[PDB]
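Below is one structure; the comments refer to it alone.
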Amino acid sequence: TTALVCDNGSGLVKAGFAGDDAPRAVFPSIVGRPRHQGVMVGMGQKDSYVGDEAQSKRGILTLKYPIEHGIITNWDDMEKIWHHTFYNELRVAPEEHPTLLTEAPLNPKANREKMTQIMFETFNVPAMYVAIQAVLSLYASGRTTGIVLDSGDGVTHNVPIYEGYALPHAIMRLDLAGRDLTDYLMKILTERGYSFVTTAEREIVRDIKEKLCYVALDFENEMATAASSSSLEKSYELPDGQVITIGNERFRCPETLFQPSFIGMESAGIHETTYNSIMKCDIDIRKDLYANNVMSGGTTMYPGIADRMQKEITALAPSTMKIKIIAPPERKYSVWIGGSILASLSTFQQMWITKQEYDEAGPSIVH
Amino acid sequence: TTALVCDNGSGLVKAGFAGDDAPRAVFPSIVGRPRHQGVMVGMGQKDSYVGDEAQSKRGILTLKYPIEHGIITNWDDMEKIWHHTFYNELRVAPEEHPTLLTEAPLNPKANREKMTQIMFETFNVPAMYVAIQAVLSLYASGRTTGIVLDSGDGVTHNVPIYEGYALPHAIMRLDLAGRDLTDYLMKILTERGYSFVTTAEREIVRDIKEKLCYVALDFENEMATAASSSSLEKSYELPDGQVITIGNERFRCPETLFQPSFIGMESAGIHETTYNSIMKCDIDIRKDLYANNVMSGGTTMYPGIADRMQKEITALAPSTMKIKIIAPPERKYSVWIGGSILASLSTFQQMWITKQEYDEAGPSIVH
Amino acid sequence: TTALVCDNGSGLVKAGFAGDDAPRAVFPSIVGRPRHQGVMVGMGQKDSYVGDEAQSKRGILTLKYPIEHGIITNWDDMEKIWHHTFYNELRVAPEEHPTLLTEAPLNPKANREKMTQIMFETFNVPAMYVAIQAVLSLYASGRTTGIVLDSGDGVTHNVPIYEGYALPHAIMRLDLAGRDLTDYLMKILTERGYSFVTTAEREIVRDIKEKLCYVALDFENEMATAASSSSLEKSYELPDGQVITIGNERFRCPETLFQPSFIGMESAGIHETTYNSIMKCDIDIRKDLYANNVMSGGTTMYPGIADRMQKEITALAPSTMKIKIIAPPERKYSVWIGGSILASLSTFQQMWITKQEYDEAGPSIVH
Ligand SMILES: Nc1ncnc2c1ncn2[C@@H]1O[C@H](COP(=O)(O)OP(=O)(O)O)[C@@H](O)[C@H]1O
Ligand SMILES: Nc1ncnc2c1ncn2[C@@H]1O[C@H](COP(=O)(O)OP(=O)(O)O)[C@@H](O)[C@H]1O
Ligand SMILES: Nc1ncnc2c1ncn2[C@@H]1O[C@H](COP(=O)(O)OP(=O)(O)O)[C@@H](O)[C@H]1O
Ligand SMILES: [Mg+2]
Ligand SMILES: [Mg+2]
Ligand SMILES: [Mg+2]
């Protein structure tokens, strides 16, 4: 038997057996109950559709993401994600695979207890471990030192690791992006008359967030050049047929990551949380936090980064210091490519939670 | 085969086989425990890093000097200093080499016994001799008479030696230099906002004690030119982005050597310990103590000495007596260049402690 | 006419004329600009609200404390604190009152000069003196000898005074508390799902630092009884209606005072800085510093000290030495009750800085 690396995405849950390429299965985590009367009565209709079927039945359901602010909203829907995934996606037996699960560095307890407990008693996995997503993005990177910027929809993190230790008093969590970037994009699409009201229509917003957004090099000059009559304007096509023309707002929405006041978030931007996390680390270690600034996750893949991120950090940081922004190929699968390396090496198999230990100590005192 | 001269520095431990030019190994003596949580778990991280690597891995460790106020603070770290030095620096086996160790003339007994005993019983050397650090600097100096200064971070001593034997009742111990100069520099750089709070950051202070400091010719008039618009400000560069500009305090810290009331030490300065040790020596011998004054150790290498020390001694000394304060080139290796000359010469090699005599007498009668 | 004692709070600026019972005005020192679009247009909204009214107008502003790590961060807002205090609280003319101002024992210069200079040239005070806060707590103490532990949010100090002299070679400053205690409390309330990321709610964290915290007598046994189902849990009420139930973390947070490791600070605890400052003083003068251990400042108000503080000092100190921990009622006003006694005394009113001296000597020779 082989171990299974399953990343508890907040998107965009990722699943695949131990190594070597990229996750076997990726899906948007949606469950949706039917919001219009069934009186056609074929019948044959499912009580709750999961993805991908919840993306081929839009407008007849009400899509509900089961993870909200990085917290499992109800484990009733979450367990159904898991069951659906193991049985009708991956097609593997629970009692036959040691698993690897992920979490967020700054998150409430007993959220990991209740998780660990429900998966051991419901699915009876033969072994389990729960890793923070940032440490796996360090393993994925393959650098041995650096400050990790792990940004997925929608919990970001700033974790500093230096060969091979970490500082407790340094992690910063912003709930800045990205589901709020979806809502903000929906609020500034009203500026060109596009009103997307329903849950289903929110997916269309997400599709323009995927394909057509970019980030500016300099805010003031992109705002200036938007005022020019020259066509920044991009023509999107709608699944119903319609042609949607977006301009200014196309670079405005991601720019929020360099200015949270515009989305109504008081705290300082990714720009400043990077600097302020570096200046919570000791004198010697700062030298190598500069030039081991490592980004990760799907929401760091916008076209205007990393050279925006580069120019902005390089301006605020102390003069004459070597600053390079490490941005891997295919950051969306970074965490998973991390997890594969971890569970395949010796000896951290003997840092896995196992059934004998669970029988003795249950959800209590896991470390 | 060849005998080994290993000088028990208080700094800055010095090691090299017998003959002729300079020590083969010099290192900051630091042992450092791991102070942060080891979340990477690669791992390969050793239980404790010694120097030199504990000076390239600062902030991930907490440096604890193993010799404190001139006494070995714990032999658990000290034995590891020795073992690390013999095996992974010099690259030799102790059963193959007679060793030569150093001590201080005004230190506790039986801490020289316990040293001698632990190295004979732990490392199994075939022969040993223990010299006080001042006497070896006389052989290095090549003089037949004079007062000897071993001044290191943090115990100095002042020993008068005549032709061909020493004067028992004239030895003076000042605890004034040099770790108290390190700590005083760390307290008076805070007055210009350079608040070096942590243990690790204290090493950076020590590095500014090497390069930037100097000594005055007259305190009152150097204090005058600090008040002047003229630059006494020298700008140092740090491993972090930070350019530090110190002025007055740059010459203020070493001046403590001629005024221990600055560091709140009640003892009289180098000025007075020179004079008062000479005026505890006999009238006839004083004639040849003047103009046979030998400085040694790393903390006598500051720029503004020795003609400050000279001018101060010439002011207190009797009228019409010729006084030249002659201190060698390359003082940092002085003690060691002593030890090489001693252990290579006939005949007192056959007055060394040897394995059978150690078996017979143990730590008893080591004087 | 009458002299005015105005204490330059780290919190918590305190003001009242010479004598008797307590300061007449106490306030949290915050300035806050409005972080929202002002499109209601009443109008009448001030450019920035100072305290205390800015603590009844939270959330519609972004509160910024003017003193950060024991230094005044920008003197424009500091000057506005002063201007607001004299004019819109006290209602006294600066040209009519000789004042008394405070500072921290170990702080960079020209921080007291630049302050003194700005207050003389901007507000045109007729006479002034600047006292360090620990010395003023000596008059409040009512003992003429002893070691002063002055801890306010966030500068602690350890000053030894012996009838009626001060030992300069022994003052210890820990930057251990208290804004970092607020921040640590905000970070360990996330463990029970209570997260308070934005500025206004951070005040509420400070309020829970008052009310529900207590110092443990035995850490290991309080952690044990926390593991038990016994009601260590206290129910707080939150301004929007929420009921917050905190347990463990209530006694964990203040315990940081004896374990700097909790906040990740390298430095030694109050436990050890008390002992290590005493063992930097002269032999005959700590036997009278034991039992004249005098606490001060608002961050020593917690229940659970002083008999924790007592047991901890008594455990590290040598046997057969009498120990007593002097902790006044109302330590929050200690500094001020000091200042009142000072400004009433003859003759050292004529050792205050007068305008004639300032006209002649300016910002030089202040100390
Ligand atoms: N090319 C792209 N440009 C911008 N955003 C993208 C792109 N591709 C995916 N995303 C966003 O990234 C999110 C997925 O991030 P992910 O790395 O899965 O986070 P997590 O792993 O925490 O769930 C999606 O919600 C999507 O909105
Ligand atoms: N150029 C320099 N100027 C001033 N001090 C120095 C210089 N070089 C070394 N030192 C000091 O001298 C010390 C080393 O002295 P050393 O002769 O090794 O004493 P010991 O042999 O007793 O250990 C170091 O702690 C360092 O602070
Ligand atoms: N009952 C209490 N328990 C614990 N902490 C308190 C209590 N009352 C006040 N404090 C803390 O003490 C601080 C005020 O201390 P203070 O003596 O004003 O310091 P300073 O005078 O240096 O400003 C506040 O920041 C508050 O957090
Ligand atoms: Mg994530
Ligand atoms: Mg020495
Ligand atoms: Mg204070």
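FYI, nothing fancy with the structure tokens labels: chains A, B, ... in order, residues from 1 per chain, ligands from 1 as they appear.
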Starting from chain A, keep only residues with some atom at most 12 Å from an atom of chain B, counting only C-alpha atoms, and report them as a VMD selection string. chain A and resid 131 to 132 134 to 140 142 to 146 159 to 170 278 to 279 281 to 290 316 to 323 338 341 to 342 345 to 348 351 367
Can you pull out every residue within 12 Å of residue 116 of chain A, counting only C-alpha atoms, but drop anything in the same chain fewer than 6 positions away, and send it as a PyMOL selection string? chain A and resi 75+79+99-103+109-110+122-125+127-131+353-355+358+362-364+366
To check your reading of the model: which residues sit at most 12 Å from ligand 4 when counting only C-alpha atoms and all ligand atoms? Write the answer as a ChimeraX atom specification. /A:7-14,67-71,101-107,131-137,149-158,173-175,177-178,296-300,331-336
Apply DSSP to the backbone of this structure and, from segment 136-203 of chain C, keep only the residues in strand (DSSP E or B); write these as a VMD selection string. chain C and resid 146 to 152 155 to 162 165 to 166 172
Taking into account only C-alpha atoms and all ligand atoms, which residue in the set B:261, B:310, B:273, B:182 is nearest to ligand 2?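 For ligand 2, the nearest of the candidates is B:182.
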Just asking: which residues within segment 142-358 of chain A are alpha helix (DSSP H) according to DSSP, as JSON, numbers by chain? {"A": [179, 180, 181, 182, 183, 184, 185, 186, 187, 188, 199, 200, 201, 202, 203, 204, 205, 206, 207, 208, 209, 210, 211, 219, 220, 221, 222, 223, 224, 225, 226, 227, 249, 250, 251, 252, 253, 254, 255, 270, 271, 272, 273, 274, 275, 276, 277, 278, 286, 287, 288, 289, 307, 308, 309, 310, 311, 312, 313, 314, 315, 316, 334, 335, 336, 337, 338, 339, 340, 341, 342, 343, 344, 355, 356, 357, 358]}
Separation of atom CA of residue 280 of chain A from atom CA of residue 191 of chain B, in Å and rounded to one decimal: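 Going from atom CA of residue 280 of chain A over to atom CA of residue 191 of chain B, I get 22.6 Å.
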When distances are computed from only C-alpha atoms, which of A:141, A:235, A:248, A:85 shows the smallest separation from residue 222 of chain A?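 With only C-alpha atoms as the atom set, the closest residue is A:248.
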Spatial neighbours of residue 234 of chain B, max dist 12 Å, only C-alpha atoms, sep filter under 3 positions, as a PyMOL selection string: chain B and resi 208+211-214+230-231+237+243-251
Residues of the last selection are to be written out with N, CA, C and O atoms, as a compact mmCIF listing (two decimals), in the first residue's frame.
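This is the output file out_0.txt:
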```
# COMPACT_ATOMS: atom_id res chain seq x y z
N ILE B 208 32.33 45.40 16.28
CA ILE B 208 32.58 46.83 16.28
C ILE B 208 33.64 47.23 17.30
O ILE B 208 34.30 48.27 17.18
N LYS B 211 37.10 46.49 15.01
CA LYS B 211 37.42 47.38 13.92
C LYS B 211 37.28 48.86 14.26
O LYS B 211 38.16 49.65 13.95
N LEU B 212 36.15 49.31 14.82
CA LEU B 212 35.90 50.74 14.92
C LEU B 212 36.56 51.54 16.03
O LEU B 212 36.89 52.71 15.86
N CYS B 213 36.71 50.96 17.23
CA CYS B 213 37.27 51.64 18.39
C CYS B 213 38.69 52.18 18.27
O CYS B 213 39.52 51.68 17.52
N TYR B 214 39.01 53.23 19.06
CA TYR B 214 40.35 53.78 19.15
C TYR B 214 40.53 54.34 20.57
O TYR B 214 39.59 54.28 21.35
N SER B 230 33.67 68.79 13.47
CA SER B 230 34.58 67.84 12.86
C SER B 230 34.17 66.39 13.07
O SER B 230 33.62 66.01 14.10
N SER B 231 34.45 65.52 12.08
CA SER B 231 33.94 64.16 12.07
C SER B 231 34.80 63.22 12.90
O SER B 231 35.93 62.91 12.54
N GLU B 237 29.03 48.94 8.86
CA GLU B 237 28.07 48.18 8.09
C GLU B 237 27.76 46.85 8.78
O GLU B 237 28.63 46.15 9.29
N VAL B 243 23.11 50.98 8.74
CA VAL B 243 24.40 51.64 8.75
C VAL B 243 24.47 52.40 10.05
O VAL B 243 23.61 53.21 10.36
N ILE B 244 25.46 52.08 10.90
CA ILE B 244 25.50 52.61 12.26
C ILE B 244 26.60 53.63 12.35
O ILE B 244 27.74 53.40 11.98
N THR B 245 26.24 54.83 12.85
CA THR B 245 27.13 55.97 12.98
C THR B 245 27.39 56.28 14.43
O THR B 245 26.56 56.88 15.12
N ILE B 246 28.56 55.87 14.95
CA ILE B 246 29.00 56.16 16.32
C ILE B 246 30.14 57.16 16.32
O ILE B 246 31.01 57.14 15.44
N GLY B 247 30.11 58.10 17.28
CA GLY B 247 31.12 59.15 17.45
C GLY B 247 31.87 59.07 18.74
O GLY B 247 32.86 58.35 18.86
N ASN B 248 31.48 59.89 19.74
CA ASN B 248 32.11 60.02 21.05
C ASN B 248 32.41 58.69 21.73
O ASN B 248 33.54 58.35 22.09
N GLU B 249 31.37 57.87 21.88
CA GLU B 249 31.41 56.57 22.49
C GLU B 249 32.44 55.60 21.89
O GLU B 249 32.99 54.75 22.60
N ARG B 250 32.81 55.80 20.61
CA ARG B 250 33.88 55.09 19.92
C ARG B 250 35.24 55.14 20.59
O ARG B 250 35.93 54.13 20.66
N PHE B 251 35.64 56.31 21.13
CA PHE B 251 36.86 56.42 21.91
C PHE B 251 36.59 56.37 23.40
O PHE B 251 37.50 56.17 24.20
```
Excluding residue 50 of chain B and its own-chain neighbours fewer than 2 positions away, which residues fall within 6 Å of it when counting only C-alpha atoms? Please give them as JSON, numbers by chain. {"B": [30, 31, 54]}
Between atom 7 (C, counted along the ligand's line) of ligand 1 and atom CA of residue 301 of chain A, distance in Å (one decimal):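 Pair atom 7 (C, counted along the ligand's line) of ligand 1 / atom CA of residue 301 of chain A returns 5.7 Å.
Between atom CA of residue 184 of chain B and atom CA of residue 62 of chain B the interatomic distance comes to 20.4 Å.
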Applying 8 Å and only C-alpha atoms, which residues near residue 1 of chain C remain after dropping the ones on its own chain fewer than 5 positions away? List them as a list in words.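 My reading of the contact set: residues 96, 97 and 98 of chain C.
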Written file, previous selection with N, CA, C and O atoms, as a PDB file, in the first residue's frame:
```pdb
ATOM      1  N   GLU C  96       1.920  79.771  32.794  1.00  0.00           N
ATOM      2  CA  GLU C  96       1.686  80.024  34.204  1.00  0.00           C
ATOM      3  C   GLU C  96       2.151  78.929  35.158  1.00  0.00           C
ATOM      4  O   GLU C  96       2.172  79.156  36.368  1.00  0.00           O
ATOM      5  N   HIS C  97       2.586  77.738  34.692  1.00  0.00           N
ATOM      6  CA  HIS C  97       2.904  76.647  35.609  1.00  0.00           C
ATOM      7  C   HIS C  97       4.314  76.108  35.402  1.00  0.00           C
ATOM      8  O   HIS C  97       4.651  75.687  34.300  1.00  0.00           O
ATOM      9  N   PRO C  98       5.224  76.121  36.368  1.00  0.00           N
ATOM     10  CA  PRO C  98       6.359  75.200  36.410  1.00  0.00           C
ATOM     11  C   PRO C  98       5.972  73.731  36.305  1.00  0.00           C
ATOM     12  O   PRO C  98       5.229  73.253  37.165  1.00  0.00           O
TER      13      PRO C  98
END
```
